[PDB]
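> Below you will find the structure I want to go over with you.
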Amino acid sequence: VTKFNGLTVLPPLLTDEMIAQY
Amino acid sequence: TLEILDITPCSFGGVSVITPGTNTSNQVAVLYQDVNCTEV
Ligand SMILES: *[C@@H]1O[C@H](CO)[C@@H](O)[C@H](O)[C@H]1NC(C)=O
């Protein structure tokens, strides 16, 4: 699997490593 | 001078106030999203 005019991508609360930990 | 300069926009981020229960406490924690405090 493979935006700066006020568009903000909030990071997920669960990080990819932490989702991997789940 | 024939040099290349990358332009990235001025840092912006929603300010989020981390507030413990008002009855419980009065202290405040402020969050600056996707910005390092070196810029702040
Ligand atoms: C914020 O700190 C320095 C700014 O001098 C920068 O190099 C670093 O990558 C930044 N940290 C981030 C974006 O997490």
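Don't worry about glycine lacking a Cβ; one is built from the backbone with ideal geometry, like all the others, and counts go over all protein chains shown. Bear in mind that the values in this text are calculations on the coordinates, not laboratory data.
> When the stretch A:8-22 is examined, which residues are found to be of a type outside the set (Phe, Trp, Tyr) and more than 10 Å from chain B (Cβ to nearest Cβ)?
First, pick out the residues of the stretch A:8-22 that are of a type outside the set (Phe, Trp, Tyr): A:8-21.
Scanning the stretch A:8-22 gives A:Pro12, A:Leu13, A:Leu14, A:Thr15, A:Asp16, A:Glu17, A:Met18, A:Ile19, A:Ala20, A:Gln21.
> Okay, next question. List every residue pair whose Cβ atoms sit under 6 Å apart, with the two residues 6 or more apart in sequence or on different chains, where the first one lies in the stretch B:22-33 and is closer than 27 Å to A:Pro11 by Cβ and the second, anywhere, is surrounded by 10 or more Cβ atoms within 10 Å (Cβ to Cβ).
Partner pairs satisfying both residue conditions: B:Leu31/B:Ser16; B:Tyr32/B:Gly13; B:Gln33/B:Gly13; B:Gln33/B:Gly14.
> Being within 16 Å of the ligand (Cβ to nearest atom) and of a type in the set (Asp, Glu) is the requirement here; does B:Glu39 meet it?
yes
> Taking interchain pairs and intrachain pairs at least six residues apart, which have beta carbon atoms under 8 angstrom, with the first residue in the stretch A:6-21 and part of a loop (DSSP other than H, G, I, E, B) and the second of a type in the set (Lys, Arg)?
A:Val9/A:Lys3
> Are there any pairs, at least 6 apart or on different chains, whose C-beta atoms fall under 7 Å, with the first in the stretch B:1-19 and away from chain A (no Cβ under 14 Å) and the second outside any loop (DSSP other than H, G, I, E, B), and if so, which?
B:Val17/B:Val30
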